[PDB]
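[1] Sequence plus experimental coordinates follow:
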There are 2 protein chains.
Amino acid sequence: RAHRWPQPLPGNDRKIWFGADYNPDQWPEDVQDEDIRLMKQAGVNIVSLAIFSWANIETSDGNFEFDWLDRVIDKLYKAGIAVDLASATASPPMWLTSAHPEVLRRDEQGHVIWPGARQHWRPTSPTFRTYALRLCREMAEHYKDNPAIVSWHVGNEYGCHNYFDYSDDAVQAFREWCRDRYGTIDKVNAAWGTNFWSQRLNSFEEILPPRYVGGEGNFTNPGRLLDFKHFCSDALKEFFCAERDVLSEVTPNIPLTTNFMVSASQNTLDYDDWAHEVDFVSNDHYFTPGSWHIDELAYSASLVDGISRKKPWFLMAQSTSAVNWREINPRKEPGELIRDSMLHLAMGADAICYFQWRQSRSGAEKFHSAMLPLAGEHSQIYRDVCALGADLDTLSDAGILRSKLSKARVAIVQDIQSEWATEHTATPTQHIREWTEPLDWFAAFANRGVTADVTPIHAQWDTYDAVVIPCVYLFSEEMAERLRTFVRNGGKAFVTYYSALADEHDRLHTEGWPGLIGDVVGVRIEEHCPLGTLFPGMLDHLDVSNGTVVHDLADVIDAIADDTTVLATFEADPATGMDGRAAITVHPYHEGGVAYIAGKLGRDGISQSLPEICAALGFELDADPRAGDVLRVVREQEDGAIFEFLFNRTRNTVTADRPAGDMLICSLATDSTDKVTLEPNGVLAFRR
Amino acid sequence: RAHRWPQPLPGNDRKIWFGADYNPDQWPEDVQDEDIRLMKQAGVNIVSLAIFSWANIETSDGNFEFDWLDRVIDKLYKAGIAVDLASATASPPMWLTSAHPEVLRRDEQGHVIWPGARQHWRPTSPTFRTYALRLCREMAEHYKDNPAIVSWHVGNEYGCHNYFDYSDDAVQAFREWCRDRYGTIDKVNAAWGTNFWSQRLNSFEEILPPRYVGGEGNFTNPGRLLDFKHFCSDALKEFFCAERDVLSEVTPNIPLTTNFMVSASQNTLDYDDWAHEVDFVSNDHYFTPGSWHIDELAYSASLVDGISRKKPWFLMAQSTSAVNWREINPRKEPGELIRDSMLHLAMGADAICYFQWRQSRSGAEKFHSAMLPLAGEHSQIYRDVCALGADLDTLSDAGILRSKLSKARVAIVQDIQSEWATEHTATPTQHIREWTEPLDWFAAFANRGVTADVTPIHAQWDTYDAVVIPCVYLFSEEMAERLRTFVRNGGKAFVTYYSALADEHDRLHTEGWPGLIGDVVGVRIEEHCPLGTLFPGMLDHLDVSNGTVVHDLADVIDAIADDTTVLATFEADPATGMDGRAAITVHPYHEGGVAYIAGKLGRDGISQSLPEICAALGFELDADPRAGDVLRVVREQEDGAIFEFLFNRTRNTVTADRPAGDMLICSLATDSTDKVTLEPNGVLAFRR
Ligand SMILES: OC[C@H]1O[C@H](O)[C@H](O)[C@@H](O)[C@H]1O
Ligand SMILES: OC[C@H]1O[C@H](O)[C@H](O)[C@@H](O)[C@H]1O
């Protein structure tokens, strides 16, 4: 599927896009001149329109009014502001759900999901599909021929709320998905191990989705659950593809996207898979408060880039300050608004947008920050948004557009499907999920001055000097071979606990762990040692001999190969059986290359262990112990021009080596002759 | 009923049974010769088969095939391995629930319980009874005279998930049980105090089970709830009785059992009552991780013996290492495999089995340990299993079989009905339940080198030298006469807070606590003093004058009798009204015998207080301050042979006086001329 990036309005140059969700249909019409006036002053040059506007467009069944939308598009176009137009199909009107309550999502207990919030429709309902596909057709027909429209924003965050449906529509389509993937019922029975607890299937007609099995102390089929999660993603991908085929047929030159929600902990949609279906990848991401703020945002933006295969990507939403949807919504500290935007940009984005333009006075999102606060033009956030628009204009003129996130020395593998598998309630421990571990390695390498590339499992991590395999619970035979081949030919691999436990069907590998690849890794494990404080006197941590500490889970390593070296061992009470067992090992395999980390060390423990592990593998690290003070993010043009961003990672002002080049952008920082200065949350960009 | 013990295969001697749930229907057929081979090598002499095999026996309605099952039974019989055969009725096929969804269990809130796990049937559903009782006939008809079958494993773990059903079948059957228990509606009104909040019943037709009352802040009738729990247990007991009757009719000489879930915390089925319905008692028990590991398993096994009235019993399931069903599933430490089995064996088991033979690759229980792990015969678990089989063969040859768990000096009373009663949500505090107290008493006497016998309340505790009455919340007049008579004639009693609060209908006794027994105990209490940290500045503990601390709840002892002595008082801020009040008293009554403990002490508090209490009661305790280091469990033959087992209770290697006689078994232990050595988790057995 070819990359096609939204293009300028007629007579404008190519620029970093900079905008917001705009919702003028929630204000009186006469607010729009001020909006536009402030958007111009802020250097805003695109808005996303009509995302949730279904009910103000098809105002009653069969009745489509476009006037208010055409008027504001006109006003925006005359001002030089492009329009990312939504399909308007995110959330249906009251008249549609009143009249057809059968579009309503059902939860795992059979609860109806009422109107009164959003995205409360069943992804596989035919009635709902027909309405959507009609609105799509009407929107497209009305706006082909309209030159303000530069891209389609199809739907909105599919499966954010409606990922899991259990309606009879879902019952039916999950069967058909099973028939299509498995052909014959006996193939389904093998994939799921239905000979456990009299679950054996006679026919496809017998397959149900994992509805309520009584809650706690009751365990649903794990392979079925995996496939169900797969199916839920596919069902909405299918729905999205249909909406987009309809818009594209009528407006073939108009590039189409939908907004992803890629973040460290996202555990529903398989975005890498959806990525084959969009003309350019776009993402919505909101900061994690506290210490994780910087590293988890960088990690995420890197993964977007990975999912993107290094094509430029579109930041469709983030917050200027507080969000509204956590138990506690911290505000952003000074400089974090410009800094976070620059982090997404540094990680390859060529568009930077917010939810949303103007703060609502009312509705569930009234407390969600915006580009123009209820406090108005004379506010810190608006001033900062203006400074940010100028910075992006400056970076547009410096020629940053279309440069790629340069290729890191290390790839960190991310794998939603391994994440699904690790969510079963009957694993060795609920305290391990796949998603935390790749983030831990990303931060630890950053701590040692290394910017890793986060890559989905199907991307080309096997072309990097090095790869991290973190809790990659699912290993197929083709994955085994890819990994084997990689290390054979000179690859360095860091491989952790919880990797290669099962095949792609969640069928646990036999004869010892890691499954399939024990030859490459040169380690053998018969069982896990989970850790915690569930009951008094439980073994709750395991010290490691280099001064670190494992929590949640260690591997019990039974034996290692003759040419495996032990870098570190566990230190425990002798009654545990863990004392003196191998905790960190290194093992050659032809021209590589394999380190094994036999429990959860956390960002800090990985970081402590990195020098020793890398030395033994041949992977070179900056000797500077200031290495972790700053995150260094580099985009490259094919023509040779290099853009390097620096971010302070820490809670004090730091000083660092000035890179070569022209200083382009600076927030809470200072350029000098030898040394660059960065305040907390400061950032610099250089071209060289 | 008559004790019948499963008998050897033709031409075999009697041996301790040693085996597992075996699940050949989950594996390809050609795997069996390997199973049988490794079984022989491990000394396994029995397996339990077809427990969840409905779907592969009645493969469609009325269609019964037995081929695969006769095949494996033949391989096993050839290899000298007996079969404990299931009714196969534990969990119905997908075709049966497809066609008759009215079998599905209904929860407290009316949700359907779907297939996809197990035991999702209504205990009183007449349709499901029909199906089950036919499958029973077919199994019995097909296997009568087949000499490999040495026992029936009827259903599985009744009430493990389906204990509480709220379907119309349960509605209708609860009325019937009430009509049969009370005769007239006025007696129902009397037992449950329905004149509170306009609940008085006009007829049995108005009797409903305790469905949802709106949750938090709403409180269901506690007398009704009590009887409802009794009913849920009787309703499943009856189902079992019917299944079993259909089986012993066809096969009058094959002894039958069903697997109980006796453990310190279980709080559903009344196992002592069900024990009347089996030919021999069998139990599934899984370790508590941490400090509680040893004491809670010995407690539970002791209770099985008590429930068994000291007849030999059958450990039907336990884990070689980790289970799969806690949020954190720790593995067993080295030696705990053999030690735990020896603990069950020491407490009176003549048969030791695991769930399960071979670790599943798939299904909800794939992470549950087995005798033969995924990692294969080359694994520590399988090696330890082999050692254990040799050990149980050794003990077989020593003549342990049918030795009885010796009579302790103190019985500790357990009482499922009191447990039920203490579960209501409007008691003085939710941090008091009956079940923790007898366990605390077991562990404490053990710390003072006394192995108590845990006895259900209807067993003969009134024939021990001492009894512990721990939170026996329900006290009928007959129970009070039993305790009075026991103490009159020279008994020694330890009686705690939360005893004799209410009659057998949960109707609180009047005129002061403990009710009925105030004369025997010598203490009068008007109200409780609950303790905890729910609001700032709440009274959260009360120190006691012998240096212990009470938590969660204390009595307010208002007055003691003329001849009651105070051994210890509460110490507290004077404003509490608790400072100087009686905390532990002792009171003679004719030739006995009564100590009263007015609050929750913990294992440590009881342990610290035992010497002063036992000295004052005249109960002799070992003078050795090392007494708590090892747990001594003792089985006896009529011919006077004696099997003494010794277990290290502690987390350090311990040393102790060598027992007289022949060393039989050692694990993580060591023999010597004067002293015996036990490592943490060690065990030794001797015969004399
Ligand atoms: O932070 C809240 C924000 O989240 C995403 O960006 C949605 O697509 C927005 O419309 C809004 O709900
Ligand atoms: O610990 C899990 C295990 O527990 C009990 O023994 C059940 O009867 C088994 O069938 C199995 O589910």
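    On my side now, so go ahead. Residues are numbered from 1 along each chain as shown, chains lettered A, B, ... in the order given. Ligands and ions are numbered 1, 2, ... in the order given.

[2] What does the closest residue in space to residue A:445 that isn't next to it in sequence show for phi and psi?
    Once flanking residues are discounted, residue A:445 sits nearest to residue A:452: 4.8 Å by Cβ to Cβ, 6 or more residues apart in numbering or on different chains. All C-beta atoms are positioned from the backbone trio N, CA, C, and that covers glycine. Phi and psi for residue A:452, reported as degrees, to the nearest 10, are phi -90, psi 160.

[3] Would you check how far apart residue A:74 and residue B:353 are?
    Going from residue A:74 to residue B:353 by Cβ to Cβ, to the nearest Å gives 80 Å.

[4] Between the two, which has more neighbouring residues?
    Neighbours were counted for residue A:74 and for residue B:353 using other Cβ atoms under 10 Å in any protein chain shown; residue B:353 has more, 28 against 12.

[5] so that one touches residue B:16, yeah?
    No. At 10.5 Å, residue B:353 and residue B:16 do not qualify as touching, with contact defined as Cβ atoms under 8 Å.

[6] Please report how far whichever residue of the stretch 301-450 of chain A sits closest to ligand 1 lies from chain B.
    Closest residue of the stretch 301-450 of chain A to ligand 1, Cβ to the nearest ligand atom: residue A:317 (3.5 Å). Between residue A:317 and chain B the computed distance is 34 Å (Cβ to the nearest Cβ, to the nearest Å).

[7] How about residue A:47?
    45 Å.

[8] Contacts only, for the residue nearest to that residue when sequence neighbours are not counted.
    Spatial nearest neighbour of residue A:47, excluding adjacent residues (Cβ to Cβ, 6+ apart): residue A:22 at 3.8 Å. Residues in contact with residue A:22 (Cβ atoms under 8 Å, 6 or more residues apart in numbering or on different chains) are A:35, A:47-49, A:356-358.

[9] what about the residue lying closest to residue A:293 once chain neighbours are set aside, which SS state?
    Using Cβ to Cβ, 6+ apart and skipping the chain neighbours, the partner closest in space to residue A:293 is residue A:287 (5.3 Å). The three-state assignment at residue A:287 reads coil, by DSSP: H, G, I helix; E, B strand; the rest coil.

[10] For residue A:287, give its distance to chain B.
    Noted for residue A:287: a distance of 29 Å to chain B, by Cβ to the nearest Cβ.

[11] Isn't that residue up against residue A:319?
    Yes. Under the criterion of Cβ under 8 Å, residue A:287 makes contact with residue A:319 at 6.9 Å.

[12] that older thread, surely the residue of the stretch 301-450 of chain A closest to ligand 1 touches residue A:351?
    No. Using Cβ under 8 Å, residue A:317 is not in contact with residue A:351; the gap is 11.0 Å.

[13] What about residue A:349? Give its phi and psi, please.
    phi -70, psi 140.

[14] Next up, the contacts around residue A:127.
    Listed by Cβ under 8 Å, 6+ apart, the contact partners of residue A:127 are A:100, A:102-103.

[15] And for residue A:315?
    Residue A:315 touches A:282-283, A:285, A:301, A:341, A:344-345, A:349, A:351-353, counting by Cβ under 8 Å, 6+ apart.

[16] Nearest to residue B:581, out of those: which one, please.
    Nearest to residue B:581 among the contacts of residue A:315: residue A:285, at 61.2 Å, using Cβ to Cβ.

[17] so who does the closest one touch?
    So residue A:285 contacts A:261-263, A:297, A:300-301, A:304, A:315, A:317-318, A:344 (Cβ under 8 Å, 6+ apart).

[18] Next, format the residues you listed as JSON lines and append secondary structure.
    Output for those, formatted as JSON lines (three-state DSSP):
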{"residue": "A:261", "secondary structure": "coil"}
{"residue": "A:262", "secondary structure": "coil"}
{"residue": "A:263", "secondary structure": "coil"}
{"residue": "A:297", "secondary structure": "helix"}
{"residue": "A:300", "secondary structure": "helix"}
{"residue": "A:301", "secondary structure": "helix"}
{"residue": "A:304", "secondary structure": "helix"}
{"residue": "A:315", "secondary structure": "strand"}
{"residue": "A:317", "secondary structure": "strand"}
{"residue": "A:318", "secondary structure": "coil"}
{"residue": "A:344", "secondary structure": "helix"}
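
[19] which among these gets closest to chain B?
    Taking Cβ to the nearest Cβ as the measure, chain B sits nearest to residue A:263 out of those, at 24.3 Å.

[20] and the residue nearest to the closest one when sequence neighbours are not counted, what does it touch?
    Sequence neighbours aside, residue A:300 is the residue nearest to residue A:263 in space, at 4.9 Å (criterion: Cβ to Cβ, 6+ apart). Residue A:300 makes contacts with A:262-264, A:283, A:285, as judged by Cβ under 8 Å, 6+ apart.

[21] For ligand 2, what is the nearest residue in the stretch 101-250 of chain A?
    Closest point on the stretch 101-250 of chain A to ligand 2, by Cβ to the nearest ligand atom, is residue A:197, at 8.5 Å.

[22] quick one on the thing from earlier: show me what contacts the residue of the stretch 301-450 of chain A closest to ligand 1?
    By Cβ under 8 Å, 6+ apart, the neighbours of residue A:317 are A:21, A:259, A:284-286, A:353-355.

[23] re the thing from before, count the neighbours of the residue nearest to residue A:293 for me.
    For residue A:287, using other Cβ under 10 Å, the count is 23.

[24] For it, grab phi and psi.
    phi -60, psi 150.

[25] And what about whichever residue of the stretch 401-550 of chain A sits closest to ligand 2, helix, strand or coil?
    Nearest residue of the stretch 401-550 of chain A to ligand 2, counting by Cβ to the nearest ligand atom: residue A:426, 9.6 Å away. Residue A:426 falls in the coil class when you classify it by three-state DSSP.

[26] Over to the one 5 residues further on?
    At residue A:431 the chain is in coil, as set by three-state DSSP.

[27] any idea how far the closest residue in space to it that isn't next to it in sequence is from ligand 2?
    Leaving aside its chain neighbours, residue A:431 sits nearest to residue A:552 (4.3 Å; criterion: Cβ to Cβ, 6+ apart). Look at residue A:552 and ligand 2: by Cβ to the nearest ligand atom, to the nearest Å, they are 22 Å apart.

[28] Next up, the contacts around residue A:552.
    Applying Cβ under 8 Å, 6+ apart, the residues near residue A:552 are A:429, A:431-432, A:530-532, A:599-600.

[29] hmm, back to that, which ones are touching the residue nearest to residue A:445?
    Applying Cβ under 8 Å, 6+ apart, the residues contacting residue A:452 are A:302, A:408-412, A:441-442, A:445-446, A:468.

[30] helices or strands up against whichever strand or helix holds residue A:383?
    According to DSSP states H and E, residue A:383 maps onto helix A:380-397. Here helix A:380-397 is seen to pack against strand A:17-22, helix A:32-42, helix A:336-346, strand A:349-354, strand A:662-670 when contacts are counted using 3 or more Cβ pairs under 8 Å, 6 or more residues apart in numbering or on different chains; DSSP states H and E.

[31] would you turn the ones you listed into CSV with distance to ligand 1?
    Below are the helices and strands packed on helix A:380-397 laid out as CSV (distance: least, Cβ to the nearest ligand atom, whole Å):
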stretch, distance to ligand 1
strand A:17-22, 6
helix A:32-42, 18
helix A:336-346, 13
strand A:349-354, 9
strand A:662-670, 23
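
[32] Of all the ones you listed, which one comes closest to residue A:83?
    So among those, strand A:17-22 is nearest, using Cβ to Cβ, at 8.8 Å.

[33] List the strands paired with that closest one, with their directions.
    Strand A:17-22 has the following strand partners under DSSP bridges: strand A:46-49 (parallel), strand A:349-354 (parallel).

[34] Can you add distance to ligand 2 and give those back as JSON lines?
    Shown next, in JSON lines, are the strands paired with strand A:17-22 (distance: least, Cβ to the nearest ligand atom, whole Å):
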{"stretch": "strand A:46-49", "distance to ligand 2": "52"}
{"stretch": "strand A:349-354", "distance to ligand 2": "49"}
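
[35] Perfect, I'm done here.
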